[PDB]
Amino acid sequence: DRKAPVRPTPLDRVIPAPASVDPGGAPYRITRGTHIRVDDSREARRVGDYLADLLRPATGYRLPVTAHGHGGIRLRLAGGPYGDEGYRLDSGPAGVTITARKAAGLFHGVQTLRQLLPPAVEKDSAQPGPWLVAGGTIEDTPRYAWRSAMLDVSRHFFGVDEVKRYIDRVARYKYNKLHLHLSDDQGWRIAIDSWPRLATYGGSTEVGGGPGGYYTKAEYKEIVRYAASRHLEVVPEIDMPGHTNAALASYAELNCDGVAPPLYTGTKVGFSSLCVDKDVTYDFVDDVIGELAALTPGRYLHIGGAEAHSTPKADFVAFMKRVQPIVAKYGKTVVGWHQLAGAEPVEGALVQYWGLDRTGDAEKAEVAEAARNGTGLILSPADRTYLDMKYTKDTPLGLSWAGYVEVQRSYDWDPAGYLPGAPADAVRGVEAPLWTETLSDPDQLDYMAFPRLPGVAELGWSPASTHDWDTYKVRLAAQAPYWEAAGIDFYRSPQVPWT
């Protein structure tokens, strides 16, 4: 009875593990006449409609969303110790009630609810159910405020609809930020009015050659809107001064020798660099950041800064000293890869650490020192959360430069005591980046993203006290029938006792 269990799945069997789970009493059962009761507000109905849309296909129920009556499923905004993202979920014969202070909390409660329901809920045609929800109470709040997923749309371009699909994949696990890697050596993916060729030429191809693509400002705006409806704050990244061949190939004047390099379709890194000694370089950066900031309602702007191997150390420092202020000029908070820690991060900046266990102490120290100086840390170790890394030497896709990364390794660590010498309070959260040198279609993205994606979300959300591989793997194994029913391909790791 894998697809449609006789009894409801345990109230605690969800990912991320909730802060508090108190099972008790009989379950709730959604039936044909169930109404979704919400408060009389736009944001309330919004979450209500979102839930109805997720349930209507598999149940074949009407599931009206209204601001009156005593609906079997109620979403209510009220006071409580749930913060901006937490919620309380009560379940029993009397119905299911999700209470929170804000819409994001109700949304997160919905993500928990869809896991309490059976795998059949993922189907597109009416199913028999039963639509059971374990009885009891769940009180949930997040450990970290920065819980993100990155999608590389530069190595291989993914259109608006494919990005929306990935957004829905991550929304399942309460991620709250979407990092979009909009530019690299193989492509520039955002139209900039002041430099039209960046998109039309710089975005004309991708890894492996052939058609590439890019987002018009309208398309980017739609991605931001869709992400916002899924409570994901979009963090756009324009990598600099390295990983800039797409831009360099589009405008000869940006190159130190004044010659535009060919469009790049390979998979190597670290060979490109903006020309630090030219004034035009900074007019370019200002124009791009200014236009990107205007399209970004979010608080952050990622300027990258990693693998600028064609940029002398002194030049890199000088470059970052000059460009960081540009971000604040346009009202945003700068974010950069941890190499920025070696280039005097400005006040309020955050750095994304992608180091490994084997990274030298000197490099780790530089980042820990930045943390001591007030720089926020986003943890995404290359040998832990880089979703493009192979599970084993036999994985058909992905890379292996950071060694192999099985499911347990990706999950089995604690952000608070990860980087030696770094103050725990400097850790803002975690991120799971999905690079695309080897991935060209949505299904391939799924195979490399799952099953490690839920694990990184747990690290960002769950209390350290709930962290345990032996019990976590059981909750992860439980996702199998859901992904199968939803058509989500995933790596059936031998470390997980799949249900």
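So that there is no doubt, residue numbering starts at 1 and follows the sequence shown.
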{"item": "Of 265-273 and 306-314, the one with larger mean CA B-factor", "value": "306-314"}
{"item": "Given 205-213 and 174-182, the range whose Cα B-factors average higher in the PDB entry", "value": "205-213"}
{"item": "Selection from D383, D279, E219, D168 [criterion: highest C-alpha temperature factor in the record]", "value": "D279"}
{"item": "Of the residues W146, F157, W337, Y82, the one carrying the largest Cα B-factor as recorded", "value": "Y82"}
{"item": "Chain-relative CA temperature factor third for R358", "value": "middle"}
{"item": "Chain third (lowest, middle, highest) by recorded CA B-factor, residue given as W461", "value": "lowest"}
{"item": "Chain-wide C-alpha B factor ranking for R452, given as lowest, middle or highest third", "value": "lowest"}
{"item": "Lowest, middle or highest third - CA B-factor, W435", "value": "lowest"}
{"item": "Among modelled residues of the same chain, the CA temperature factor third for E347", "value": "highest"}
